[PDB]
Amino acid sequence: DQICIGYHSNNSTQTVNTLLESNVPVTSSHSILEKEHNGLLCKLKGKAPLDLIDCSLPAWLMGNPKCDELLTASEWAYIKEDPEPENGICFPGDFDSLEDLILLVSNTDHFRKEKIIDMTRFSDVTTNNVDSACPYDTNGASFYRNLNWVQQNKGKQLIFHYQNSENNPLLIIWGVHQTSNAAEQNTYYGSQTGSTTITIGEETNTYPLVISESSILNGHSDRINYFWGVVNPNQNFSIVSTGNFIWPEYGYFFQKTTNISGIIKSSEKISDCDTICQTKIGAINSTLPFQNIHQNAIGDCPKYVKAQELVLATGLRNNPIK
């Protein structure tokens, strides 16, 4: 009569490493490293991204006529931009502080375009001016939908005031024209003056007349440089201009969120899928604590590591009796 104590073996081929031994066969084990590549761009936590199609963020915000207009109020968890957008800034100039703007608008609970300024209120001046460098299609001269180019000031001072009466901050974007020479300054404005001050809350931004030649870029030796600001709820902004100014006729009311995501740069389409964590090469829809897929990500993500594998033993040494 006999009784024996023993333990379970099976046909598993899994092995693990320990601090003391390498490649030890075990009866079961469990990976804690997410490794899978799927290449999908998904909704983040049930919330869809903003698809910029083939436009850059500044082109879409300012309303480049080749980019789709935001017709209804919306929201998004992140912004999806092509690596090299076909449609960007059409009238040459620099877009100021784009990196700071991304922090504000990459993850929004509300985003709605509204007309801010009635440009008919101004007299002795032309509005809705247009340029061949910003076409709606070949040979069809146009301009940014949201920005209104005012010409023929003749040194006259235009004055405007606005009060943000919503509970949402208001994003406005404007432009300032650096002409090439006195002659160009003349045909556009009719005077050798053209300066603008724009005040938002307690803050003053002054743009004196700058006449200076630059290299030709898409037909232009002049420049329109772009700037932006945020009018907080119950704050005002005002503008005083004698010329050389591209006015913020339309703006966006938006609702900030706490969680800053960013721009995902990729040529892929947005698929019908949902994930808790997104990268520009695919979704990491995993609650495993580590991932070796990509250094940059957004959402509720595992920590990025260099490991090729991280497998925990759960079962026994698989060393069956010979």
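Residue numbers here begin at 1 and follow the sequence given.
Stretches 101-109 and 132-140 differ in mean C-alpha B factor, with the higher average recorded for 132-140. For the pair 30-38 and 288-296, the mean B factor over Cα atoms is greater in 30-38. Highest CA B-factor among the listed residues (155, 229, 93, 248): 155. Between the residues 79, 172, 198, 209, the entry's highest C-alpha temperature factor is the one at 209. Looking at the C-alpha B-factors along this chain, the one for residue 224 belongs to the lowest third.
Annotation for residue 122: CA B-factor lies in the highest third of the chain's modelled residues. Residue-level temperature factors show residue 267 in the lowest third of its chain, judged at the C-alpha atom. Among the modelled residues of its chain, residue 275 has a C-alpha B-factor that falls in the middle third according to the deposited record.
Residue 188 sits in the middle third of its chain by CA B factor, as recorded in the PDB entry.
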